[PDB]
Each structure stands twice: as structure tokens, then as C-alpha cells.
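Here we start with a single chain on its own, the form deposited in one PDB entry, put down as C-alpha cells.
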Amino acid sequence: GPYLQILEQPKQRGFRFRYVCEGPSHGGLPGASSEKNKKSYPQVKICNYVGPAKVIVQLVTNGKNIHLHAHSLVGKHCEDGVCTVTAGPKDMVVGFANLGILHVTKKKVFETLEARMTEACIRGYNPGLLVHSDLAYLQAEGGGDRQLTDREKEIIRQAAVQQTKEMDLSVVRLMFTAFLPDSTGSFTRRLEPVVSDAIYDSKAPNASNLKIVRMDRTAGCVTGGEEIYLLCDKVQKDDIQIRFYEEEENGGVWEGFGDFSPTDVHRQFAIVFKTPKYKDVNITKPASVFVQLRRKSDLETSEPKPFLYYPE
């Protein structure tokens, strides 16, 4: 009857996928509220309680036509990328601890993808809502093993051929699906899946967290045009900018940008730029403004660092 609730989604950025090579534990997929001195994990919840229930989650794709992503959500109850959690009774809120995303290679995409589609179609997981619109009957049928015959294999495998071509290995999305018990006591009732927001690999050169590590100087003349060195975290040469801004009382406008070129970003970790003119060059007492790394793309920004402008 009821539904699922993404309660607390995943942090969406800052997480770094891992290849099988990294092996050992390397963390737990954070919650969109984790803040070190308090950390969480993507929590889900149902409403019209159904006593006990099984909620499986798989990684889908961030495309208009939600599909299965090759990466494997490896964790605890996970196996083949379908972490299955048994929503305890009365408490319809079971969270997903340290999950961890597994990064498939660009070569193992169709190879790994076959299995994902093969499976589910077997284990009764999501009705060709990810694979194709010709199935929909990958739930339970009644009893057996669901070998879907050697025929149907042609759609799956060929479906693994056009998806593996556009698949993006840099971003994923959780797909929470709930199963409520039935007459047999088994869990056959498919509750409309709810995809998560969208998680971006941090390993990717443009989804990583921006940070200003060092600046040889954090003060300049209101005139501006004073060279500065900013040591940073991997930033994409032609998609980064230095923003100077101020909390103006009459609203809160005024923003300035360092003047540099991609040719001034030393090997994705340093930026040499010139400082912008400050608003009131008529100032007699210096004013404290801010600096901030910002991605021209998504416009994500670093924690702002102080900068003090003094008169000419």
C-alpha cells in the first residue's frame, strides 16, 4: 500500500569510487548531512507500515531513460550490486551504512553489464524499468528459476550493447525498491522504486571537492592587478575561476574575479593570477573580503578564504 522515502539521500559529491584493485575498506558512502563530527548514510523509510519488508537497492544510470549502471554497489548485504536489507518490523526506517561504490572499467562495462541484466531478470528485481520495456515480468511468476529461455537472452545482451555505449562511469544513482510480504509469506509486492539524487565520483577531475590550500599572499591593494600564487587541489584547467566577493549590507552583491588564463594554471594544482579592483578604491581603512575557488561548470565553490584589501 504505502511508499518509500529517501529520508536522507547521499552526499552527492566528495565520494571517490574505487576499483577492485583498491580492495580493502575505504569508507562508507556518506549522507547528505554527514559532517565529520556527526556522520550519516542514505536513509530510506516506508509509511503505511507493512510489518516486515525487504528493500533492495541497485546502482542505476543518470540518464533520461533510467537504466542499470555497470558499477557495483559493494558493501555488506550487497552481492552483485543488489544490497538487500530486511526492514525490521514496526521500525520502517532502515538505513544503509558504509556502502561503497565499485568502479567498473571501460573495458568491463558490457562484460559486467550482461550479468546485471541477466540477474534481476532472475532474482526478480525491477521490471525492465532499467533493462527494456519488453519484460516487466521479472518479479516471481510463481515458482522455478526463471531462465527466461535461451531466446529472450538476445534482448538483454543487445540491451547491454546500446547502453554500454552511452554509459557514463563517473556518476551513479541509487534505486531503492521495497518488497512487502505476500500470501506465501514471501516478498513479491514491488513498491514503485525511488531513485536517489545523483552521486558524482570524486576521482573525476571535475566532480572533486575544490579547496584552496595555499596563497603566497592574502592581501592586496584596492587597485588590484597584484600577482598572487594559489596552490590548490586538482582543478580542471579551463573550468576554474577565482572569485572575490563581499557581503554588502544594501543587499549583498559585489564580486570580483582574479585575472588569469588556463595557461596560468600550473599542472592542475596551482594558479597564478592578478587581483581584481575592489569596489571602493576610495577606502582609507582596509576592508576584509573573501576569495573562493569556483567551478565555471556546476558553480561548486571552495570554503572561502579571507583576503584583505588596503588603500593605495
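Sequential numbering from 1, following the sequence displayed.
Below, we turn to the form deposited in another entry, even though it does not appear here.
Of the candidates 86, 40, 208, 262, only 208 lies at a hinge (point where C-alphas switch from fitting one rigid part better to fitting the other better) between the shown form and the other one. With a change of no less than 3 Å, the CA-CA distance between residue 143 and residue 179 is smaller in the other entry than in the form shown. The pair residue 239 and residue 197 is at least 3 angstroms farther apart at the CA level in the other entry than in the present model.
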